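Chains as they are written, first to last, in the entry's author numbering: chain A, 105 to 156; chain A', 1 to 208; chain C, 1 to 300; chain C', 1 to 300; chain C'', 1 to 50; chain B, 22 to 257. A prime marks a further copy of an entry chain. Scroll down for the structure; my scribbles are underneath it.
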Amino acid sequence: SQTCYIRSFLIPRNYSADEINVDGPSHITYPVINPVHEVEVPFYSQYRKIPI
Amino acid sequence: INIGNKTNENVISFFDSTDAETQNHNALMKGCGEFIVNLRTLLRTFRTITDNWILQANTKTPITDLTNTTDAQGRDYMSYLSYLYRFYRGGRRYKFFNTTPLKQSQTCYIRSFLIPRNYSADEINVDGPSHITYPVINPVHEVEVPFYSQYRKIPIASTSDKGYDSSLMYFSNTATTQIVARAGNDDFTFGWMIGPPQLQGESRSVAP
Amino acid sequence: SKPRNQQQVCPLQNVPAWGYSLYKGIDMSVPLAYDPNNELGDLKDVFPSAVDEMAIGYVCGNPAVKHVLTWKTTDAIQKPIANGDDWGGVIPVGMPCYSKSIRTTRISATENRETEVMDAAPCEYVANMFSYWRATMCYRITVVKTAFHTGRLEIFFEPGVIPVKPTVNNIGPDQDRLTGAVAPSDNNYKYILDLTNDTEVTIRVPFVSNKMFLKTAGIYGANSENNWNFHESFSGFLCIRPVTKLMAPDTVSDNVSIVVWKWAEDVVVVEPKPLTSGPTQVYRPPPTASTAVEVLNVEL
Amino acid sequence: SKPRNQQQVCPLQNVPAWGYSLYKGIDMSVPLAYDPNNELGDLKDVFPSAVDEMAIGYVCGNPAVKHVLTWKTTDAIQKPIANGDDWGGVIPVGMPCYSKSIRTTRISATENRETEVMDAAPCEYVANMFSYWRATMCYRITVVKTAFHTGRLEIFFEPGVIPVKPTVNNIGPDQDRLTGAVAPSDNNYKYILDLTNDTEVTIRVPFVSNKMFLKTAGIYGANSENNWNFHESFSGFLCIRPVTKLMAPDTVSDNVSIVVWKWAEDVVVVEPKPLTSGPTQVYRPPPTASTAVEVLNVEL
Amino acid sequence: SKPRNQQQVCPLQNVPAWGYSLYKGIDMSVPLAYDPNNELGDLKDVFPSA
Amino acid sequence: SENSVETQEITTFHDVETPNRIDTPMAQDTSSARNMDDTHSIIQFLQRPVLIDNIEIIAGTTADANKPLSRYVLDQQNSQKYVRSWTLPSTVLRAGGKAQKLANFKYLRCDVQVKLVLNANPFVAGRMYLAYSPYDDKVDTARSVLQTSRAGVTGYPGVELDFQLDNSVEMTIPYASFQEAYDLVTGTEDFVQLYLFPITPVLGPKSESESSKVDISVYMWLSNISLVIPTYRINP
């Protein structure tokens, strides 16, 4: 009785839920026809390397 | 030293370590990979213009019932660069993502057609170049409108002339709510640069 | 004549519109046309320019006026022009926006709506699309003087944190810290223009602050609460403060004008999404001040 | 001897009949035959012509009579032939239709049905399929005279808006504006034929009106209400009005005939859909006037 | 100009993410980027060892 | 004897024979109007500058001519304040008697030149900006010049208009329409619509009975023109 779907987006690191927008590079799958969500986040950083 | 004025233009510079164009390649090769140059390339990426478009069942709906609304906001890249330019040429690719609570006692399908711009529902025919998908087996409607115009270029929000290039008509059977995304086709490009209008910030609406 | 199948089993994944947000790769959009080889012509004889009018080297290379200053004999020396501009004498170097005006309407007897309205240089207007930036800035400071106004005017860079005043709804610069004899201008990069016969100057400021890219937040949501992104977005500020006071006779007027232009060369950007906490909403001016603007929200 | 699979995962979209409305590209229609290489022969010895009988250069290059005029001694000079044709003397240059006849039947005691029936030149009949057109028109005006009729006859072009009379169900031309001395013919392109021994003339009119393509609406739904598409479809009109009056003795008859032929060369069209507000319904003549015609509707 | 289909019937198995636990082979992960040819640089000047 | 088809400017005839035409015995030259001026073509005639407007500014100022450019435009009532509005090419065609010299034509492909002769005293400063915006009163409200900010007004194409440095500007407003070859009969042309904005207010001594004037004038003429189809009408 529903049409299940999955989205994905980008946030920069460690922001919370509401403090970011939604129009960005996206991806969408439909788990009735495709159970695997195949997503790769790129490396869009200010710094050349990141400490933990 | 005399009483008068000259122009004597001076491009004087601050910090002058290295050439600028050389460091920008080295900075993006370690931070981006991707090197964004031309804004023509951003009219090829499908940014979602709406999140929900509840279409009433069995109605031939033109997209101009949504395009007049969603060219104001500039949410995508087509309507955000509708302010830095005046003319455009090229067709608009559309993708439709189904988000309907489907029902098994029906056979859901999706049509699409052509109307020229800004006509209403009943004042056009239906036999034209079509496309059809079935959202039980294919949730995405992959449609590209060509550029069939009388004029070589089109200004935004023109005069009382109408029906001077072609756009989409969207026909379904059931009350399908969807996602709509768009960008221009392979030969879609703006031109005739002007200066940009304003922007709108946050609207937190404090009480006093 | 009808042999058996020799090909292996082709594996499969059902992904309609795989990777639609990329400007490269063959896309499955069906053309509603007569010919599959539907080819529009080139850009000949269509747009009446021959300049490629969409490259960021040309879009952000478009000069726009930011500030119009009023430099008086009342104003002191070795102190920037504090005019209620409010930035004015302290122009932050950097590509995204730094100024805002607040529109206050009414909803009920005790509730209002404060909508931030920003100005937009074409260098600023592109940067709202992208998240992280890196650009060699430019500024063309022009004195609007008569034949008789003279003087010496100083523009000096300063890298790093800009002095500010957090308020309830906006950030203003702090001219208490840029006066004196408490902030000298003897070690900064500077230019000392002469109002005798020289008029204009272009002051190119390349990009130097300890990071590969700054942010494009700017002034969006910049207040007493949330002002980390405003500091990490500029690499400092120019500052126009006079060395020698304005010498003007009684015939000519005591007010001259300093017009600050702005653009950005060699611009590179990082991500095609807005870093701000809101979509790219373009401000549409209402017809009457009692009417409000529709607000884009974040549900899907 | 049975190694593992080395090919990547082939991505997938389930689109049966992807892009079926295109004349190019391999289509998945299964032949119900014995041989997959089912090859009919060429066009030799089948159709008794050798001319390629389907190119638009040949289909629209087919001459058809549009008007038959009656030019009298009663009719004045410097005024087009107003005969109740009703177009007659004012032939609109352009490829789609411009005329219509209205069939009025009965349904009830107070309701009728007015079905528009159009004539169709072969240049007109192709243009109903397509939406936007561009074509170099042709007209072969022939005088049907005796050996004794003489005179001088003028045909002049006029670009732009055709003078009209909107009525409740049709558009007629307006001969009040084309008479005089209120509309001269001294600056238009013209041809002054001579009825002494010259008979025929072909008047090729190339395509010039401020747009790349006109429309193929023509006279469909052209009335007092909806008459924008009629103006934006022609680039003006020819006009046959006599310079010098017909000189005929009492032996020969006072009526001569002017037959206006029509075709279109160098035809190019834009979209394969009808621009009209109805499907391409071909008018089938009813056996008895009390019977009506089935009407195609727009639901799916 | 629009001939009939000459290719055989391609057989099929529906395996999303076939063999994901291998360090070699082209993987179907969608990049959330602007460019499909998203290429970071080499290891020069990043980590202060060689 | 059979073939009498002769050709005038745009006009052809069809007679039985060449109708026994007599003419001058010898075409001897006469009075010397050819030796006093060369003939001015109709493409040469639509390249003469005309005195259109004569704008005087006093600072002042009670009037709207020295309201400076607004930094922000928050609502359409408080639109951007300007000096004059030229709605090209419908201004340049009517003035200078040009429209009574391009009558009985149909289509036009022009480029409008604009020059500002400026003449002010040395004791007065200020700066203006001469922006043009195509379809400025045809497009939707937010896209016009009169609704955007000061950075958005100046970002439009134009030229600086400083007093002491510039006594003349040359701006080439292009053929900036979507329709090929402007219509004339039943004309509603108004494609590019020019403006004149003051950026800084005009400055002078605040004591009056001094008369700090500015006195701008505007010259316009067409260029790269092609005038093609003959008709019988025209708009008055």
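Even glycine gets a Cβ: it sits at the ideal position worked out from N, Cα and C.
Using only the alpha-carbon positions, how far apart do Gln281/C and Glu114/C sit? For the purposes of this step, residue 281/C is taken as residue 281 along the third sequence, with counting starting at 1. For the purposes of this step, residue 114/C is taken as residue 114 along the third sequence, with counting starting at 1. Roughly 15 Å between the two C-alpha positions.
Does DSSP put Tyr23/C in a helix, in a strand, or in coil? To locate residue 23/C, count along the third sequence from 1; it is residue 23. In this structure, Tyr23/C counts as coil in the three-state DSSP scheme.
Which of the three DSSP states, helix, strand or coil, is assigned to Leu42/A'? In the second sequence, the residue the question calls residue 42/A' occupies position 42. Looking at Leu42/A' - three-state DSSP - the assignment turns out to be helix.
Determine, for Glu158/C', whether the minimum Cβ-Cβ distance to residues of chain B falls below 8 Å. For the purposes of this step, residue 158/C' is taken as residue 158 along the fourth sequence, with counting starting at 1. It does: the Cβ of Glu158/C' has a partner Cβ on chain B nearer than 8 Å.
Could you check whether the Cβ of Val270/C sits closer than 8 Å to any Cβ belonging to chain A? Walking along the third sequence from the start, residue 270/C turns up at place 270. Taking Cβ atoms only, chain A reaches closer than 8 Å to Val270/C, which makes this a yes.
Measuring alpha carbon to alpha carbon, tell me which residue in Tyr88/A', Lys95/A', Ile154/A' and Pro139/A' is nearest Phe46/A'. Along the second sequence, one-based indexing puts residue 46/A' at 46. The candidate whose alpha carbon is nearest that of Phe46/A' is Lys95/A'.
Opening and closing residue of the beta strand (DSSP E) in which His131/A lies: Position 27 of the first sequence, counted from the first residue, corresponds to residue 131/A. Where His131/A is concerned, the enclosing beta strand (DSSP E) stretches over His131 to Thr133.
What is the DSSP secondary structure of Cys10/C, counted as helix, strand or coil? Your numbering for residue 10/C matches position 10 in the third sequence. Strand, per DSSP.
Given a cut-off of 8 Å on the beta-carbon distance, is the pair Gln13/C'' and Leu12/C in contact? As a working note, residue 13/C'' is residue 13 in the fifth sequence. As a working note, residue 12/C is residue 12 in the third sequence. Yes, the Cβ-Cβ distance between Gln13/C'' and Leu12/C is below 8 Å.
Pairwise C-alpha distance: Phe230/C' and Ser224/C': As a first step, residue 224/C' must be located in the fourth sequence, where it is residue number 224. As a first step, residue 230/C' must be located in the fourth sequence, where it is residue number 230. Cα to Cα, the separation comes out at about 11 Å.
Using only the alpha-carbon positions, how far apart do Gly191/A' and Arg86/A' sit? One-based indexing of the second sequence puts residue 191/A' at position 191. One-based indexing of the second sequence puts residue 86/A' at position 86. About 7 Å.
So which residues on chain A' does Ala163/B lean against when the C-beta distance must stay under 7 Å? Sequence index remark: in the sixth sequence, residue 163/B carries index 142 (1-based). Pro197, listed in chain order.
Who are the neighbours of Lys127/B on chain C', taking C-beta pairs under 7 Å? Residue numbering aside, residue 127/B sits at position 106 when the sixth sequence is read from its first letter. Here the neighbours are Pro159 and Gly160.
Under a Cβ-count criterion, where at least 16 other Cβ atoms within 10 Å of its own Cβ denotes burial, should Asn138/A be classed as buried or exposed? In the first sequence, counting from the first residue as 1, residue 138/A sits at position 34. Counting every other CB atom within 10 Å of its CB across the protein chains shown gives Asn138/A a total of 16 or more, marking it as buried.
Can you pull the chain C neighbours of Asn14/C'', defined as C-beta to C-beta under 8 Å? Position 14 of the fifth sequence, counted from the first residue, corresponds to residue 14/C''. By Cβ distance, chain C contributes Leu12, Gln13 and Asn14.
Distance check for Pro31/C' and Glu39/C', CA to CA, integer angstroms please. Reading the fourth sequence from its first residue, position 39 is the one you call residue 39/C'. Reading the fourth sequence from its first residue, position 31 is the one you call residue 31/C'. If I take the Cα positions, the gap works out to 12 Å.
Can you give the beta carbon distance from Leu243/B to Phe126/B, rounded, assuming they're within the 8 Å contact cut? Against the sixth sequence, residue 243/B aligns to sequence position 222. Against the sixth sequence, residue 126/B aligns to sequence position 105. Rounded, the Cβ-Cβ distance is 13 Å, inconsistent with contact.
For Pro40/B, which residues in the same chain have their Cβ closer than 8 Å to its Cβ, ignoring the five residues on either side in sequence? Walking along the sixth sequence from the start, residue 40/B turns up at place 19. These residues qualify, in order along the chain: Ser25.
Does residue 311/C' have its Cβ less than 8 Å from a Cβ in chain B? Since the first residue of chain C' shown is 1 and the last is 300, residue 311/C' is not available in this structure.
Would you call the region 223–240 of chain B in contact with the region 130–143 of chain B, where contact means no fewer than 3 C-beta pairs closer than 8 Å? yes
Quick one: which unbroken beta strand (DSSP E) runs of 3-plus residues sit fully inside the region 214–289 of chain C? Chain order, please. 237–247 and 256–269
Quick one: is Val30/C'' near chain C, going by C-beta distance under 8 Å? Position 30 of the fifth sequence, counted from the first residue, corresponds to residue 30/C''. True, the Cβ-Cβ gap to chain C drops below 8 Å.
At a Cβ threshold of 8 Å, is residue 312/B touching chain C? Since the displayed chain B opens at 22 and closes at 257, residue 312/B lies outside it and no answer follows.
Could you check whether the Cβ of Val168/C sits closer than 8 Å to any Cβ belonging to chain C''? Here the question's residue 168/C lines up with position 168 in the third sequence. For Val168/C, the answer is no, since every Cβ of chain C'' falls outside 8 Å of its Cβ.
Under the three-state reduction of DSSP, which class applies to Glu201/B: helix, strand or coil? The sequence position of residue 201/B within the sixth sequence is 180, counting from 1. Three-state result, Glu201/B: coil.
Our contact map puts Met247/C next to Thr150/C with C-beta atoms below 8 Å; I'd like the distance itself, whole angstroms only. Start at 1 with the first residue of the third sequence, and residue 247/C comes out as number 247. Start at 1 with the first residue of the third sequence, and residue 150/C comes out as number 150. Yes, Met247/C and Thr150/C are in contact; Cβ-Cβ is about 5 Å, under 8 Å.
Pair within 8 Å by beta-carbon distance, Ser131/C and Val117/C: Within the third sequence, numbered from 1, the residue matching residue 131/C stands at position 131. Within the third sequence, numbered from 1, the residue matching residue 117/C stands at position 117. Cβ atoms of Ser131/C and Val117/C: not closer than 8 Å.
Between which two residues does the beta strand (DSSP E) holding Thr48/A' run? Working through the second sequence from its first residue, we reach residue 48/A' at position 48. Looking at the DSSP string, the run of the beta strand (DSSP E) that includes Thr48/A' is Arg47 to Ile54.
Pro122/C': first and last residue of the uninterrupted alpha helix (DSSP H) it sits in: Within the fourth sequence, residue 122/C' is the residue found at index 122, counting from 1. Following the DSSP letters along the chain, one finds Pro122/C' inside the alpha helix (DSSP H) bounded by residues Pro122 to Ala127.
Classify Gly90/A' as helix, strand or coil using the three-state DSSP reduction. As a working note, residue 90/A' is residue 90 in the second sequence. It is coil, neither helix nor strand.
I need the DSSP call for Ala86/B, collapsed to helix, strand or coil. The count along the sixth sequence starts at 1 and reaches residue 86/B at position 65. In the structure shown, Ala86/B sits in a helix (DSSP, three-state: H, G or I).
For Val269/C and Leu39/A', believed in contact at Cβ under 8 Å, the rounded distance: In the second sequence, counting from the first residue as 1, residue 39/A' sits at position 39. In the third sequence, counting from the first residue as 1, residue 269/C sits at position 269. Incorrect: roughly 10 Å between the Cβ atoms, too far for contact.
Report the residue ranges of all alpha helix (DSSP H) runs contained in full by the region 37–82 of chain B; include only those spanning at least 4 residues, in chain order. 63–66
Name the chain A' residues whose beta carbon is nearer than 8 Å to that of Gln281/C? Reading the third sequence from its first residue, position 281 is the one you call residue 281/C. Simply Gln73, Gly74, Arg75, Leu199 and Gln200.
Spell out the partners DSSP gives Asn112/C in its beta bridges. Position 112 of the third sequence, counted from the start, is the residue given in the question as residue 112/C. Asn112/C is bridged to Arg106/C.
Can you pull the chain C residues whose beta carbon is under 8 Å from the beta carbon of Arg111/A, in chain order? As a working note, residue 111/A is residue 7 in the first sequence. Here the neighbours are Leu300.
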